[PDB]
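# Structural features, examined
Spelled out from the first residue to the last, the chains are:
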Amino acid sequence: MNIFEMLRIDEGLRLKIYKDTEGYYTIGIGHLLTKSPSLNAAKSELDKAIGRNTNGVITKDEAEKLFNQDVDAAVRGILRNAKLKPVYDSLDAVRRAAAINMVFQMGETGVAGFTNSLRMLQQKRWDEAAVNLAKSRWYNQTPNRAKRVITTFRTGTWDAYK
Ligand SMILES: Fc1cccc(F)c1CBr
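Method information in the entry identifies X-ray crystallography as the source of the structure, with 1.840 Å recorded as the resolution.

In this model, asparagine 55 sits at a positive phi of 55°, which is unusual for a non-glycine residue. In this structure, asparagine 55 sits in the loop between α2 (39–50) and α3 (60–79). Exposure remark for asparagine 55: the relative accessible area of 58% places this residue in the exposed category. The phi dihedral of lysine 124 falls on the positive side, at around 65°, and the residue is not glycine. With respect to the helices, strands and loops of the structure, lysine 124 is situated in the loop between α6 (115–122) and α7 (126–133).

For helix α1 (residues 3–11), the full list of buried residues reads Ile3, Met6, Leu7, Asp10 and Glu11. One face of α1 carries all of its buried residues, which in axial projection span an arc of 115°. On its buried face, α1 sits against β1 (14–19), α3, α5 (93–106) and α9 (143–155). Measuring from the side-chain oxygen of the N-cap residue of α1 to the backbone nitrogen of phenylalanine 4 gives 3.0 Å; that N-cap residue is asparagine 2.

What follows is about the nonpolar core. Counting residues in hydrophobic clusters, the biggest one holds 37 residues, and the most contacted among them are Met102, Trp138 and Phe153. Put simply, the parts of the chain that give this core at least two residues each are α1, α3, α4 (84–90), α5, α6, α7 and α9. Ranked by residues supplied to this core, first place goes to α5 with 9 residues. In contact with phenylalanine 153, other than residues within four places in its own chain, are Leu91, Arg95, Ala98, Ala99, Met102, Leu121, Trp126 and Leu133.

Locating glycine 110 in the fold gives a position in the loop between α5 and α6. We classify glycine 110 as partly exposed; its relative accessible area is 29%. Taking C-alpha positions, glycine 110 is 8.8 Å from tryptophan 138, a pair spaced 28 residues apart along the chain.

Here is what the cut-offs are and how they apply
- Residues numbered from 1 in each chain as written, not as in the entry; some residues may be left out.
- Heavy atoms only, no water.
- Residues with missing side-chain atoms left out of burial classes, pairs and counts.
- Helix = DSSP H or I, 4+ residues; strand = E, 2+ residues; numbered from the N terminus.
- Buried < 20%, exposed > 50% of the residue type's maximum accessible area, 1.4 Å probe, protein only.
- Arc of directions from axis to C-beta.
- Contact = heavy atoms within 4.5 Å.
- Polar contact = N/O pair within 3.5 Å; in protein donor to acceptor, adjacent residues only side chain to side chain.
- Core = buried A, V, L, I, M, F, W, Y, C linked by side-chain atoms within 4.5 Å.

And the structure:
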């Protein structure tokens, strides 16, 4: 296990434009294309991302390339966020992957309400943090995935992904 294998499990792999859990156009390994309801707009974003006329379909190599970029950008964003960086740096590598998972899914805006969870995580109050994290739209809308991520934070192990 590592962040790549973890997110590949949670996001899956689809080579044609599909809608994610929120109804947004997406491709590959959870690569959000746009929040616009326009499929043409999504197709435009895809072509721009890949660098060719894709007509809504990409290869596995192309999917993995975008994925690698997306993971890189996610973790780098964490380090550039004054609130997230100190919590991230306090974590071990397994829990760091759980952190990146959340940011991949929700973005930095999506985790701005997690102030109290973040404090509990930095404090290493793992059970309390796990309880706090579940008190969320995130948990309610994607419970199976959230439970996996939360278990990773609670235990510092990959048990939820084995
Ligand atoms: F603990 C962290 C550190 C950085 C990002 C993040 F989503 C988390 C889980 Br609310």
